[PDB]
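Participant: Residue numbers (the authors' numbering), protein chains in the order written: chain A, 223 to 479; chain B, 223 to 479. Quick reminder that beta carbons are idealized off the backbone N, C-alpha and C, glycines included.
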Ligand SMILES: N#Cc1cc(=O)[nH]c(=O)n1[C@@H]1O[C@H](COP(=O)(O)O)[C@@H](O)[C@H]1O
Ligand SMILES: O=c1ccn([C@@H]2O[C@H](COP(=O)(O)O)[C@@H](O)[C@H]2O)c(=O)[nH]1
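(1) Should residue 229 of chain A be labelled buried (16 or more other beta-carbon atoms within 10 Å of its own) or exposed?
(2) Rounded to whole angstroms, what is the Cα-Cα separation between residue 425 of chain A and residue 432 of chain A?
(3) What residues in the segment 346-366 of chain A bring their beta carbon closer than 9 Å to a beta carbon of chain B?
(4) Output the distance between the C-alpha atoms of residue 342 of chain B and residue 387 of chain A, rounded to the nearest integer angstrom.
(5) What is the DSSP secondary structure of residue 235 of chain A, reduced to helix, strand or coil?
(6) Check whether the Cβ atoms of residue 365 of chain A and residue 340 of chain A sit closer than 8 Å, and answer yes or no.
(7) Between the alpha carbons of residue 338 of chain A and residue 252 of chain B, how many angstroms are there, rounded?
(8) Does the segment 366-382 of chain B come close enough to the segment 394-405 of chain A to have 3 or more Cβ pairs within less than 8 Å?
(9) List, in chain order, every chain B residue whose beta-carbon is nearer than 7 Å to that of residue 344 of chain A.
(10) Which chain A residues are close to residue 341 of chain B, counting only those with a beta carbon under 7 Å from its beta carbon?
(11) Can you tell me the Cα-Cα spacing of residue 242 of chain B and residue 459 of chain B, whole angstroms?
(12) Per DSSP, what kind of secondary structure is residue 432 of chain A in: helix, strand or coil?
(13) Exposed or buried, what is residue 403 of chain B when buried is set at 16 or more other beta-carbons lying within 10 Å of its beta-carbon?
(14) I want to check one thing, is the minimum distance from the CB of residue 335 of chain A to the heavy atoms of ligand 1 below 7 Å?
(15) Between which two residues does the alpha helix (DSSP H) holding residue 305 of chain A run?
(16) DSSP on residue 277 of chain B, reduced to helix/strand/coil?
(17) If you reduce the DSSP assignment to three classes, tell me which class residue 427 of chain B lands in.
(18) Do residue 233 of chain A and residue 411 of chain A have their beta-carbon atoms positioned less than 8 Å apart in this structure?
(19) Which residue's Cα is closest to the Cα of residue 414 of chain B: B:445, B:449, B:294?
(20) Short of 8 Å Cβ to Cβ, which residues in the segment 307-339 of chain A face chain B?
(21) Going by DSSP in three states, residue 318 of chain B sits in which element: helix, strand or coil?
(22) Check whether the Cβ of residue 436 of chain A sits closer than 7 Å to any heavy atom of ligand 1, and report yes or no.
(23) Using the Cα positions of residue 325 of chain A and residue 430 of chain A, report the straight-line distance between them to the nearest angstrom.
(24) Apply the 10 Å Cβ neighbour rule to residue 237 of chain B and answer buried if 16 or more other Cβ atoms are within range, or exposed otherwise.
(25) Could you tell me which of B:312, B:317, B:318, B:345 sits nearest to residue 334 of chain B, measuring between CA atoms?
(26) Which chain A residues sit within Cβ distance under 8 Å of residue 282 of chain B?
(27) How is residue 257 of chain B classed by DSSP in three states: helix, strand or coil?
(28) Residue 451 of chain A to residue 263 of chain B, Cα distance in whole Å?
(29) If contact means a Cβ-Cβ distance below 7 Å, which residues of the segment 409-436 of chain B contact chain A?
(30) Quick one: what's got a C-beta closer than 8 Å to residue 362 of chain B's C-beta in the same chain, skipping five residues either side?
(31) Are any of the Cβ atoms in chain B nearer than 8 Å to that of residue 290 of chain A?
(32) Out of curiosity, what's the CA-to-CA distance linking residue 344 of chain B and residue 379 of chain B?
(33) Residue 457 of chain A by DSSP, collapsed to three states: which one?
(34) Can you tell me where the beta strand (DSSP E) holding residue 252 of chain B begins and where it ends?
(35) Check each candidate in B:330, B:279, B:383 and name the one with the smallest Cα separation from residue 310 of chain B.
(36) Does any C-beta atom of chain B lie closer than 8 Å to the C-beta of residue 295 of chain A?
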């Protein structure tokens, strides 16, 4: 039987970051993650403040910000605390353990100092998670493993996907779930987040493929939709965010019965 | 038929960045890529200057440099031109095509502006290559696809590796080779660069595994060794680089005939 997000937040083996997230999802009736794919810090902060009420999570690509500073991220954290959403840096860590630990903690971005969640590809083997967790565990962070991808020709299928699930299971002190197109774990402590989402059928010209919130949440059993252009390119981004939220939220409620 | 690096530089289908690399490998008698895994720009540049005559390539992780600026990269380019080596940013692009184009061109790092070579994981499908190529083509840049990894539990094996080789063949206008543990293509226009290399047997505590230059170049048929800690951890990095250079170069001479 399916548990509500609020009940899942209380599960004995739940990660604190997953619990925080699940509680605010239930409080705000949102399972929408905004993909804030913009080049200017002011745009990032403007979207975060305006859409924050409607979202459970803000997904960043800090490496495309033409004017990144750590003060930008300080300010984003204030907004995250005010409007109640988590910050997920979509870094796709994909190197050996010794390297990713440095990429997570250090450099100019100091990602671990501000991102509640990061994600990682499983292709290097479990050392990618071991390296990240050496930085993330002390800082009370969580990680998502990329079990499937939305893009045309994705190799994250079959035995690769099963490997991602095993890796998460064996590293549950740090891994809180998956980037995937569908439910891949039967354990309710894990979150499923799905990108490649728009209301209308389509794709882009560089291999992105879309499915609807009803399909991904309702039929495929994912928890959270990740939506970028579907919202950001709309004339009215507030109304678009609300349309996606309502869609994902109702799909969840229906599945839950 | 085994061709020298100088001959391979003249192959009909050779990419101009591969040709430039192969020419300087032959001229300088080096098939050593230094993995400059340091956190300080001064150490990076001092290594680049001192070891430049010994290396064909300097591999960077600019996202670990605590004091990155574009002015640091300008000085690195100056050293690369002076000593004759290529700059390879080991970014491991691994996102959908629309995202990686921005991560390559933009942000604070503006990687395409200074890196001769970058690499990409093949897990997203060929969109990853199509996105990078939109940026790299007019700038006369090249890309390496990660066909195999050196780390314990790597999923880059079997059909995954074969998919990487097919993707390289189909995008030979931009893809100039592979990150691999051995020769994965029989086409001599492709470069093979191999990380996980040390003179001594062993590994690290986070999944790295090492093989020797003689094994990797000599028996496994790779072209270039990528060496980080085996050089960086030495008291005298120049002497260490010279050790690796001579090992790798003589291994190469042996399979030539
Ligand atoms: N290239 C690459 C990459 C992929 C791979 O499969 N194995 C690696 O070690 N690397 C990188 O090569 C370097 C290996 O360094 P070391 O020789 O283990 O100190 C690192 O910068 C690591 O991030
Ligand atoms: O498998 C994946 C993994 C990540 N993303 C990311 O999610 C967002 C998709 O945005 P859009 O296609 O909704 O604009 C982008 O930031 C992209 O990098 C995907 O689309 N698919």
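Facilitator: Taking the definition as stated:
(1) exposed
(2) 6 Å
(3) 346, 347, 348, 349, 350, 352, 353, 356
(4) 23 Å
(5) coil
(6) yes
(7) 44 Å
(8) no
(9) 377
(10) Simply none; closest approach about 10 Å.
(11) Rounded to the nearest angstrom, the gap between the Cα atoms of residue 242 of chain B and residue 459 of chain B is 26 Å.
(12) Secondary structure of residue 432 of chain A (DSSP, three-state): coil.
(13) buried
(14) no
(15) Here the alpha helix (DSSP H) through residue 305 of chain A covers 292-305.
(16) coil
(17) coil
(18) yes
(19) B:445
(20) Among the residues of the segment 307-339 of chain A, those with a Cβ less than 8 Å away from any Cβ of chain B are 312, 314, 316, 317, 318, 319, 320, 321, 323, 324, 325, 328, 329, 330, 331, in the order of the chain.
(21) coil
(22) It does not: the Cβ of residue 436 of chain A is nowhere closer than 7 Å to a heavy atom of ligand 1.
(23) 26 Å
(24) buried
(25) Of the residues B:312, B:317, B:318, B:345, the one whose Cα lies closest to the Cα of residue 334 of chain B is B:312.
(26) The contacting residues do not exist; residue 282 of chain B stays about 12 Å from chain A at best.
(27) strand
(28) 37 Å
(29) Those residues of the segment 409-436 of chain B placed with their C-beta closer than 7 Å to a C-beta in chain A are 426, 428, 429, 430, ordered along the chain.
(30) 238, 239
(31) yes
(32) 12 Å
(33) coil
(34) Premise fails: residue 252 of chain B is in no beta strand (DSSP E) and is neither H nor E.
(35) B:279
(36) no
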